[PDB]
Every structure is written in C-alpha cells, then in structure tokens.
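Structure first, commentary second.
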Amino acid sequence: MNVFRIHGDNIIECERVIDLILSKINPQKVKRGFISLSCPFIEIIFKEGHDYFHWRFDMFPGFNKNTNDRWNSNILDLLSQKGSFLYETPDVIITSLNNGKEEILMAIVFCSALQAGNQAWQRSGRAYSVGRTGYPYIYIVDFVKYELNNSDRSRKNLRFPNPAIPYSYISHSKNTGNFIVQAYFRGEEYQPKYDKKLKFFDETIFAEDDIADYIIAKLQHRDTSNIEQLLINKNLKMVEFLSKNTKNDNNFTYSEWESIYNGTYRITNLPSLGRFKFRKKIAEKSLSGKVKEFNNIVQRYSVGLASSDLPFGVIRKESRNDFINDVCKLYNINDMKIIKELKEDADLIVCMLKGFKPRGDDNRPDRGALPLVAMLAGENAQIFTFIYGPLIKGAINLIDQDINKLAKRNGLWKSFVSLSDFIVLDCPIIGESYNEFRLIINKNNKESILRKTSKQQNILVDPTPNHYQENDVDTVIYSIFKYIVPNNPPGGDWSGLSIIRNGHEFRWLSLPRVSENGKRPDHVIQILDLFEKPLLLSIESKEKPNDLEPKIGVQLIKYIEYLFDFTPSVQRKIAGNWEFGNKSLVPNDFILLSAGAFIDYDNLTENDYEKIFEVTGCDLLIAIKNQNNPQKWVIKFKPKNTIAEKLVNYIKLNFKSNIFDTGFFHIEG
DNA sequence: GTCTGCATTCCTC
DNA sequence: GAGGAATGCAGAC
Ligand SMILES: [Ca+2]
Ligand SMILES: [Ca+2]
Ligand SMILES: [Cl-]
C-alpha cells in the first residue's frame, strides 16, 4: 500500500484533488472514514489491467498561520526550507509518505475565474515563491466566469489578463528548471455561441484530462516530461490567444513572445525593444514631491517591457549613465560611492508603484508586482523600485534603522526588500507637510534573502491538532451530508449554488458574501425524498455557539430568497451540456430551513438553547463534540420546530453507509 | 489597532 | 473603450 496526504485550506479544497483523481481512476473498491477526528480519508483499490494498486489519501484541513497554531508542525516549512521566503500559501499540498516522513509531490492553487487588471498579479508572490523551491506549482483556473452587477445579477463584459501574466509561469519554469504552469478548465459560463470575445479561442487549451493524467503519473512515480510539455504548450496557446487580441503598437506581439519562448532572444534583448516606451500612469490625486519629474525622466530613457503601461520597464545599460545623472540631479544625490553603485554597467528594470493608500495601508495588488517582474526577467535582474504613496511615521523610522524588521511584519515590504536592488522613496509622511526622499542601496540584503532557507528538518504532521475549531465543524458537516445521509444533488458552498429540479441542474455562480438582507451560507444541502417538495438546508458553521450572529438563521433563508429572484447563471439536463439559464425557479416549490453548527463541550442548558434560537432565528442547531477515548464525533441535533424535527428523525434513521465508516460517529439524537 | 484575502470603482491614455 | 491605478471592507488575531 501507498499513503498520500492532502493538506488543504479546508475540506472542499482537499476533496477537489480527489475528484480530479477519481475522474480518471475507476476504482474497484472505495472506503471512507477518519484516521483522526480532524483527518478524513479515502481508501481506493484500483487496477491497470492485471496490476492492482492500493492507495489511501489522508486529508489535513486548515493550514497553520505559524509552527504550532493548529497542527504540531507546519507542512509549509518544507517550502521555506527550499527557498519559499514569501508568506504564501497554496490551496493544496500533496505529499508522499516514505520512511516516517512526508515528501512534497506538488502545490496546487484553484481560481474560479481568469482575473484581469492588477487582480491578475495580486497573488503572483505565491507562484514566484513556491516556484523557486523545485516543487511543482499548478495554477488551475476556470475559463470563463462573468463578473456581475450584484444588484440585478446582469453580466459585465469579459476582461482578460495582460498576456504577460500567463507568460510569467512559462518564463519562471525556464528560469528555475521547475514545473510552474497555468492550466485552464472549461467553465459552465464558457459559451462561445453568445460572446464574440471568444471567437478565436482554441478549445485544445482546456486541460481537464491532462491535469488528472499529471497527478496520477506523479502519484505513481512515473515520468511526467511529456505531460508537462503538453501543459506548457496549452499555457503558450493562452498567451497567443491574448496577445493576438490586443493592439500591437504598445504591447508585445505573439511573434515577440514566441522568439523569447524558443530561446532566440531574452525578454530584455529583443531587437524590437523600444518600439514602445515604459509610460507609467499615475493619477493626478496621487502626485506629490518630485514624482512627476521622476516619471518624465523614466519616460526619457525607458524601453517598454511587454506593455507600455504595465508598472515596469527597462533602462538599457547604454542609457543608464544619463538616467542616473538626471535622477541624481533631481534629488541632489552627490555621494560618489552611491553614484558608482547606481552606475553599474548592466540593464536596469524600473518598477514604479504607489504602494500605499491615503491612510498608509498597503496596496494588495502591489505585493505581486515585483514577483511578476522576477518571474518574467529572473530574480537576478537588477531592479530599481520607486515608491510614491503615503507612509505612516513608523514605516519611515524602520526604513532609517532596520528595513528587515519592516519586511518581517508586512507582506508588501517583504516583496520590496526581497526583490529590489535599489529602493527609492519620494513619499508623503502622514502627519507632515512635505515628502521624504530615500535612496536605499539594497543589493547585499537582496542577495542574502535569495539564499535564506528555514531550518532543515523532516516533517510528519500529527493527525491530532492543538484544539478543534471551525475547520473541524465544516469537515464534520460536509462528511455527514455528502457521504452518509441519503438525499446525488451537488448542493452549495461559497463557489456557487446548485439546485436540482425534475431532471435538470440549475446553478448560480459569482455569489457575493452578502446581499441586502442575506448572508451567504457556508453549506446548502438538498434533500428530495423527505417531503413532497425538495428541502434546502442552509448551514452556518462557527467554532462556538455565541459566535452565531443575531438573525443569522433569517439571513441564510433571505440569501436563498435573493437568488430565487434571478434567473440561474447556468443550467443543464442531468441525463444529457451547460447552457445559460433560461427559466426562473419558484421559491414555493421548496422547503427552506436554516441551521447553526458549532462545537460545544456540554456547556449549554435548555435555557441557553432557547436563547440561541431567539438570537439567531435558526430552525436547527447542530452541537458537535469530540470524545477522545475512543475517538468519536458526538452529534446533538436540536430542532426549533416540527419541520426541523422531521429532518432530524430522517437523519437518524438514514445514518447508514456502504462507503463511509459511520462507527466514528455517535448521534445522541 | 494590524495583517491579508477578497473584489469593485476610479482615472489616464 | 481598454485596462491599469487605486481603493476599502471583512475576519482573524
Ligand atoms: Ca501493467
Ligand atoms: Ca463559517
Ligand atoms: Cl490563437
């Protein structure tokens, strides 16, 4: 037998990897249960002809925010031991168990939409940081999902990322020698018959079969070279789709990208470099100090990198002396030693970012700008970072005494200090009338950070966490309603709500966290064989019962009522393809109920339950508690009314399964 | 309060 | 109009 571990942000992310495996593996025997209170497992017996295989996958829901926050040891430490110095967490880490220790097989991130603008690079720090470790990084994204006007659920025009973002994965793979890729899955809202923007999309770009093939070959310790080349080719076809749909005058053409991909030229030595310049756009309200004159100096010498208006460009070594002279004259830099450092004979990448909002809080999208530059040009390129947004007094003080202390506590400063050779600030200081100018020679510090790794040590996460919390409530709720209780229907979660009626599945995508009167439920369960009408049970999970907010029960029902007011995003016949939603659903065709789930170690009296029902308005309370000897989840269902009591009686009678080991549970009533 | 994930409006060319 | 610049809320701590 071989054992694998799936460490994920939550149970749903863990299960998404299992769905990928099960899509290609047709198992002869499947068993589910728990290895510990926190860790569910799936055991499979399958064959490749005459060759049988016995695999077990142990799931670890919820990552630590330090070394012993939830789990006894942090699986993420294996990434920082190989150079992942940014505070970045993928969605899933798959490991192999061998000689009492875990070995990382791959890191996987799931995205529900191909994001555009600066949202495309907001989390590029993950791909950069994990990518430099040698462990494969797979970024899976749905192509396409529409952005909505939340007041009427009407679709906004499709937006696509700059071709440089999908390209950055390919160039980071070439620079590091590791497998870093962007893979695309067909979204339910991919409807080329209705949207002209998708006229030239190549459907061979979709990678569902190839991702499952890759994962299974990795689990089998087989050669993945050819599967990796097919996936890299699809990532390149996406760059081609995007670059052929943008204007050539201020952006790289596909022939330019192709000449970099095939190794004819480097991104900084393209013969056509300079046909467009680097022209940073700065809002007039963001201007202060000498920022406008610095931007004029950059535009006097720069050559464009991928796009004229991306926040970075190049100053070729042939123009670096004159660029440095103009900067030094503008800011009165006279120190001979400093000027010599600035005038090193090499190409210079200039990145300009506001960095901070009017109160001094950091810009999230700016965190991925230097990682994007490093993925495109290499982390060893010389980078000059210019910042012009407002700094709080505490920030400028740390810059003047210990910049690494500031990098340690803030993710944006960590990005800047790890990847910049020179940091130039021309910033307003909150509470003061005029700007501060700083020129930081960060070369030595950058070099040391690029060699930093955490303590070398083997890891085998203990399946018993420090204590049981919200992640554990969700794992327990999900397992009972997905594998034990008979209802087939997909139900709902944060990524969308599916409702099955007749022989059709109706789905609402792009769910907002809240509506005018509703709150998005953590789980939605559909039960069809209890009443004449289908039952929709909306559940909110919390660590403790007092965490259940006032009117949360009423808010869960109102959220479902909000979705019923609109035509579902998509629909399909369960027997037959996804189409855009055509018919509206009817709320009276369903019974709606709400539930609050939490952990309680027998601290609630009859009066406490009466008060929780009054505060929340829930129809059902699900009190969960672990028993340690022997390990069991003890479940207490408290119905507020007769409809909820019928549901409880149904759950109790149907608490049987051929796949799931129900012996790990005890349903009090 | 600070940090980070999420995602929508604003503004330049 | 295209698309990058710029922005704040929320949850956990
Ligand atoms: Ca065989
Ligand atoms: Ca919850
Ligand atoms: Cl194409």
Side-chain angles (χ1 to χ4, degrees), chain A residues 9-10 62-66 69-70 86-91 109 111-113 115-126 145-151 156-165 197 242 245-247 250-251 276-287 291-292 295 299 304 306-313 351-369 372 387-390 392 394-395 398 406-415 469-471 494-495 510-514 519-520 522 540-544 547 549:
Chain A
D9 248 308
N10 56 58
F63 286 111
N64 277 5
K65 310 296 173 255
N66 57 73
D69 170 43
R70 162 153 177 80
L86 301 182
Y87 189 62
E88 303 289 4
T89 303
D91 295 334
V109 165
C111 188
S112 66
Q115 303 162 332
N118 61 18
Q119 188 184 35
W121 63 82
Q122 178 159 251
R123 301 253 252 152
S124 284
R126 285 177 304 199
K145 186 174 70 58
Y146 289 87
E147 293 172 275
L148 311 172
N149 293 116
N150 288 310
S151 281
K156 303 207 275 203
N157 289 314
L158 283 175
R159 283 189 304 123
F160 301 106
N162 188 289
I165 323 305
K197 285 183 203 268
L242 301 173
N245 279 333
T246 62
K247 302 131 298 307
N250 289 138
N251 308 107
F276 61 85
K277 287 197 139 147
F278 162 41
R279 304 190 180 273
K280 169 79 186 187
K281 288 166 167 194
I282 305 184
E284 196 192 81
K285 65 182 185 190
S286 306
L287 294 176
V291 176
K292 186 177 198 164
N295 203 13
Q299 306 192 20
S307 291
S308 60
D309 69 344
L310 271 176
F312 44 80
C351 182
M352 302 171 67
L353 299 158
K354 188 156 185 285
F356 310 88
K357 273 161 281 171
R359 299 170 287 175
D361 50 314
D362 83 83
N363 294 351
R364 212 79 54 257
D366 295 6
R367 297 171 172 222
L372 177 62
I387 307 307
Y388 54 88
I392 60 163
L398 286 173
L406 187 51
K408 192 161 299 198
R409 50 176 292 171
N410 186 277
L412 182 60
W413 283 108
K414 204 188 308 307
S415 197
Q469 33 71 308
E470 205 175 296
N471 277 113
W494 72 276
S495 73
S510 307
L511 299 185
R513 188 198 51 94
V514 294
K519 290 211 144 48
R520 182 178 71 206
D522 293 330
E540 173 90 339
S541 61
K542 290 294 180 169
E543 175 177 5
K544 298 179 193 259
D547 299 338
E549 294 165 17

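So you know, we letter chains A, B, ... as the sequences are listed, proteins then strands, and number each from 1. These numbers come from the heavy atoms of this one structure, side chains and all, not from hydrogens, waters or symmetry mates.
Nucleotide C/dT7 carries a north sugar pucker, as its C1'-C2'-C3'-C4' torsion angle is positive.
When rounded to the nearest whole Å, the span between CG of A/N66 and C1' of B/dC3 equals 14 Å. If you measure from atom CG of A/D366 to atom P of C/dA6, you get 8 Å, rounded to the nearest angstrom. In this structure, CG of A/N251 is placed 7 Å from P of C/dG3, rounded to the nearest angstrom. Spacing between atom CG of A/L372 and atom P of C/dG4 amounts to 11 Å, rounded to whole angstrom units. To the nearest angstrom, P of C/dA5 lies 16 Å from CG of A/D362. A/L242 has its CG atom 13 Å from the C1' atom of C/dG3, to the nearest Å. Rounded to an integer number of Å, the gap from A/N363 CG to B/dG5 P is 15 Å. In this structure, the CZ atom of A/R367 is 18 Å from the P atom of C/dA6, given to the nearest Å.
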Could you run down the sub-3.5 Å N/O contacts of the protein with nucleotides 11-13 of chain C?
from   : atom 1 : to     : atom 2 : distance (Å)
C/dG11 : OP1    : A/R513 : NH1    : 3.1

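Side-chain contact between A/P512 and A/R520 is absent, with no heavy-atom pair separated by less than 4.5 Å.
Not counting sequence neighbours, A/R279 has no partner by the salt bridge (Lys or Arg N to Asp or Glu O under 4.0 Å) test. With sequence neighbours excluded, no residue forms a salt bridge (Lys or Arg N to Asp or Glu O under 4.0 Å) with A/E543. For A/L398, the side chain to side chain contact (heavy atoms under 4.5 Å, CB included) partners are A/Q401, A/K405, A/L406, not counting sequence neighbours. Judged as a salt bridge (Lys or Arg N to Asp or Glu O under 4.0 Å), and not counting sequence neighbours, the contacts of A/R364 are A/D362. The ring-ring contact (aromatic ring centres under 6.0 Å, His included) test applied to A/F356 returns A/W413, not counting sequence neighbours. Partners of A/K281 by salt bridge (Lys or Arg N to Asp or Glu O under 4.0 Å), not counting sequence neighbours, listed by chain and number: A/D309. Not counting sequence neighbours, the partners of A/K357 by the side-chain hydrogen bond (donor to acceptor under 3.5 Å, both in side chains) test are A/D361.
The heavy-atom pair separating A/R367 from A/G411 by the smallest distance is NH1-CA, 3.7 Å.
Contacts of A/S307 with the nucleic acid, taken as non-hydrogen atoms under 4.0 Å apart, are absent. When heavy atoms are screened at a 4.0 angstrom cut-off, A/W413 is found touching no nucleic acid atom at all.
The side chain of A/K357 places no N or O atom within less than 4.0 Å of a non-bridging phosphate oxygen (OP1 or OP2) of C/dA5. Remark: A/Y388 is not in phosphate contact with C/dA5, judged by side-chain N or O atoms under 4.0 Å from OP1 or OP2.
At a threshold of 4.0 Å, the pair A/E540-A/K519 does not count as salt-bridged, since none of the basic side-chain nitrogens sits closer than that to a carboxylate oxygen.
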Reading nucleotides 6-13 of chain B from 5' to 3' and marking B where a protein heavy atom lies under 4.0 Å of the base, S where only the sugar-phosphate is that close, and - otherwise, the string is BBBSSSBS
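When each of A/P161 and A/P358 is assigned the nucleotide of DNA chain C bearing its nearest heavy atom, the one mapping closer to the 5' terminus is A/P161.
Comparing C/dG8, B/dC3, C/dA5 by their closest approach to the side chain of A/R409 singles out B/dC3.
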